[PDB]
>>> print(open('input-v3.cif').read())   # mmCIF, C-alpha atoms and all ligand atoms
data_structure
#
loop_
_atom_site.label_atom_id
_atom_site.label_comp_id
_atom_site.auth_asym_id
_atom_site.auth_seq_id
_atom_site.Cartn_x
_atom_site.Cartn_y
_atom_site.Cartn_z
CA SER E 7 100.87 121.18 93.25
CA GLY E 8 101.30 119.77 96.72
CA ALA E 9 102.78 116.91 98.72
CA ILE E 10 102.33 114.87 101.89
CA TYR E 11 105.27 114.86 104.37
CA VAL E 12 105.24 111.89 106.76
CA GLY E 13 108.39 110.67 108.57
CA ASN E 14 111.29 110.93 106.12
CA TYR E 15 108.92 110.52 103.10
CA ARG E 16 107.54 113.01 100.56
CA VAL E 17 104.42 111.77 98.70
CA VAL E 18 103.72 113.51 95.40
CA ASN E 19 101.72 112.95 92.29
CA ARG E 20 103.99 110.79 90.10
CA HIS E 21 103.37 113.13 87.12
CA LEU E 22 104.67 116.13 89.19
CA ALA E 23 107.72 114.35 90.67
CA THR E 24 110.99 116.25 90.20
CA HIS E 25 114.45 114.99 89.20
CA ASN E 26 115.38 115.19 92.93
CA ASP E 27 112.34 112.99 93.74
CA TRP E 28 113.41 110.36 91.15
CA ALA E 29 117.07 110.57 92.39
CA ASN E 30 115.87 109.86 95.98
CA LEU E 31 113.12 107.38 95.03
CA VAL E 32 111.47 105.13 97.67
CA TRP E 33 108.47 103.80 95.69
CA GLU E 34 106.41 104.76 92.64
CA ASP E 35 103.32 103.38 90.92
CA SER E 36 102.14 104.85 87.56
CA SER E 37 98.72 103.15 87.87
CA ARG E 38 98.14 105.14 91.16
CA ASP E 39 99.79 108.41 90.03
CA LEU E 40 101.97 108.26 93.18
CA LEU E 41 105.67 108.64 93.88
CA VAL E 42 107.41 108.67 97.26
CA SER E 43 110.91 110.13 97.79
CA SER E 44 113.16 110.37 100.88
CA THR E 45 113.52 113.59 102.93
CA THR E 46 116.22 114.80 105.39
CA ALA E 47 113.67 116.59 107.70
CA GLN E 48 110.70 114.86 109.47
CA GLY E 49 107.23 115.63 108.05
CA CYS E 50 104.22 117.44 109.72
CA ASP E 51 101.51 115.05 108.34
CA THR E 52 99.73 112.04 109.88
CA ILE E 53 98.25 109.44 107.52
CA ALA E 54 94.67 108.36 108.19
CA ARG E 55 94.21 104.61 108.88
CA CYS E 56 90.49 104.18 108.34
CA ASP E 57 87.68 103.66 105.77
CA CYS E 58 86.17 107.16 106.08
CA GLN E 59 84.17 108.37 103.06
CA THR E 60 83.79 111.95 104.30
CA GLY E 61 86.51 114.58 104.57
CA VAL E 62 87.72 117.96 103.39
CA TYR E 63 89.99 118.70 100.43
CA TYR E 64 91.98 121.74 99.31
CA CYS E 65 91.19 123.16 95.86
CA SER E 66 93.96 125.54 94.72
CA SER E 67 91.91 126.79 91.69
CA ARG E 68 89.33 128.13 94.22
CA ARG E 69 91.66 128.92 97.14
CA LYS E 70 89.12 126.94 99.20
CA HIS E 71 88.75 123.79 101.30
CA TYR E 72 85.53 121.88 100.54
CA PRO E 73 83.79 119.17 102.60
CA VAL E 74 83.13 116.12 100.40
CA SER E 75 81.79 112.59 100.41
CA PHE E 76 84.01 110.28 98.37
CA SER E 77 83.94 106.73 97.01
CA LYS E 78 86.21 103.97 98.41
CA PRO E 79 89.48 103.52 96.49
CA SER E 80 88.94 101.52 93.26
CA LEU E 81 90.11 100.96 89.66
CA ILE E 82 88.43 103.75 87.66
CA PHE E 83 88.55 104.86 84.04
CA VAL E 84 89.85 108.45 83.81
CA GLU E 85 89.38 110.58 80.67
CA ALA E 86 92.45 112.23 79.11
CA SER E 87 93.90 115.21 81.02
CA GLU E 88 96.75 117.64 80.32
CA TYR E 89 99.15 115.17 82.08
CA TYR E 90 97.83 111.67 81.23
CA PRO E 91 96.02 109.95 78.34
CA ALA E 92 92.63 108.32 79.00
CA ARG E 93 93.44 105.27 81.18
CA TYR E 94 92.52 103.13 84.20
CA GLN E 95 93.86 104.53 87.48
CA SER E 96 93.93 102.31 90.61
CA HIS E 97 93.35 103.25 94.27
CA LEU E 98 91.30 106.26 93.12
CA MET E 99 88.46 107.88 95.12
CA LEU E 100 85.92 110.22 93.47
CA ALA E 101 83.87 113.10 94.87
CA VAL E 102 81.63 115.76 93.34
CA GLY E 103 83.72 118.91 93.26
CA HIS E 104 86.05 121.14 91.30
CA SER E 105 89.48 119.95 90.10
CA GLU E 106 91.77 121.35 87.40
CA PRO E 107 95.22 119.91 86.59
CA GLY E 108 97.06 122.35 88.89
CA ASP E 109 94.86 121.22 91.80
CA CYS E 110 96.81 117.95 91.89
CA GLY E 111 98.58 117.51 95.21
CA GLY E 112 95.86 119.19 97.34
CA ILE E 113 95.26 117.17 100.51
CA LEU E 114 92.06 115.28 101.33
CA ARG E 115 91.80 114.82 105.11
CA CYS E 116 89.36 113.12 107.48
CA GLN E 117 89.13 113.04 111.27
CA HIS E 118 92.06 110.51 111.30
CA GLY E 119 94.53 112.57 109.15
CA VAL E 120 95.56 112.66 105.49
CA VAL E 121 93.55 110.35 103.20
CA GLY E 122 95.13 111.20 99.84
CA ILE E 123 95.94 113.90 97.32
CA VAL E 124 94.06 115.30 94.34
CA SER E 125 95.00 113.34 91.18
CA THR E 126 92.11 113.70 88.68
CA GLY E 127 89.44 116.16 87.65
CA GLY E 128 86.98 117.21 84.98
CA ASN E 129 83.24 116.69 84.44
CA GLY E 130 82.40 118.04 87.92
CA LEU E 131 84.38 115.39 89.85
CA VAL E 132 87.61 115.46 91.83
CA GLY E 133 89.61 112.26 92.09
CA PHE E 134 92.03 111.52 94.94
CA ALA E 135 94.92 109.04 95.02
CA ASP E 136 94.46 107.12 98.30
CA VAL E 137 97.48 106.64 100.60
CA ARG E 138 95.77 105.02 103.61
CA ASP E 139 96.80 101.50 102.48
CA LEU E 140 100.53 102.49 102.44
CA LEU E 141 101.18 101.40 106.02
CA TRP E 142 104.98 101.54 105.54
CA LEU E 143 104.75 105.37 105.35
CA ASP E 144 104.33 105.26 109.23
CA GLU E 145 107.65 103.35 109.91
CA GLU E 146 111.40 103.05 109.07
ZN ZN E 201 89.23 108.64 108.59
#
>>> encode(input="input-v3.cif", output="structure tokens", more="lines below")
Ligand SMILES: [Zn+2]
Amino acid sequence: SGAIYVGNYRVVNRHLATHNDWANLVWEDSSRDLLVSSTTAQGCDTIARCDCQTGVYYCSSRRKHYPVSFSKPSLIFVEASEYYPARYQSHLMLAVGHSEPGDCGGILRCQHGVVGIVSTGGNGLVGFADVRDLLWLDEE
């Protein structure tokens, strides 16, 4: 589990979104595994605006933050998980590291701020849904 809080937005894995999220929907994209809902309180997070490929991510199934190198966001085939069938996921970054389903929502951060959240795992990789292209998260 986990979310990003920026402005009056809450960014969550689409597959973990709640009824309240869907009832206060700003934007969602199944192909990206992302959903954004509206918040009353202002968020603590800053979104990275950059093309970093190194950062640190939180792994709940290890209670640890790990430094990682990761690929640039792309359209990647993802094997079946507990929460999706095998499918193509867009805007996905991969790193070598540990990720189980409940690790979804852990933040990946670089020197510029939040890069994305954990969205995929298995076979010794961790996949992250990028948010750095969502420039509208920083305004309105
Ligand atoms: Zn960066």
>>> closest_residue(input="input-v3.cif", among="E:60, E:19, E:67, E:95", to="residue 117 in chain E", atoms="all atoms listed in the file")
E:60
>>> residues_near_ligand(input="input-v3.cif", ligand="ligand ZN 201 (chain E)", cutoff="6 Å", atoms="only C-alpha atoms and all ligand atoms", output="list in words")
residues 54, 56, 57, 58, 116, 117 and 118 of chain E
>>> residues_near_point(input="input-v3.cif", point="(103.5, 105.4, 85.4)", cutoff="12 Å", atoms="only C-alpha atoms", output="NGL selection string")
:E and (19-23 or 33-41 or 89-91 or 93-96)
>>> atom_distance(input="input-v3.cif", atom1="CA of residue 107 in chain E", atom2="CA of residue 125 in chain E")
8.0 Å
>>> closest_residue(input="input-v3.cif", among="E:10, E:110, E:65, E:31", to="residue 137 in chain E", atoms="only C-alpha atoms")
E:10
>>> closest_residue(input="input-v3.cif", among="E:133, E:108, E:128, E:13", to="residue 68 in chain E", atoms="all atoms listed in the file")
E:108
>>> closest_residue(input="input-v3.cif", among="E:29, E:124, E:141, E:92", to="residue 52 in chain E", atoms="only C-alpha atoms")
E:141
>>> residues_around(input="input-v3.cif", residues="residue 43 in chain E", least_positions_apart="3", cutoff="8 Å", atoms="all atoms listed in the file", output="PyMOL selection string")
chain E and resi 15-17+27-28+30-33
>>> atom_distance(input="input-v3.cif", atom1="CA of residue 53 in chain E", atom2="CA of residue 82 in chain E")
22.9 Å
>>> closest_residue(input="input-v3.cif", among="E:112, E:146, E:86, E:55", to="residue 129 in chain E", atoms="all atoms listed in the file")
E:86
>>> closest_residue(input="input-v3.cif", among="E:136, E:144, E:85, E:51", to="residue 98 in chain E", atoms="only C-alpha atoms")
E:136
>>> atom_distance(input="input-v3.cif", atom1="CA of residue 42 in chain E", atom2="CA of residue 121 in chain E")
15.2 Å
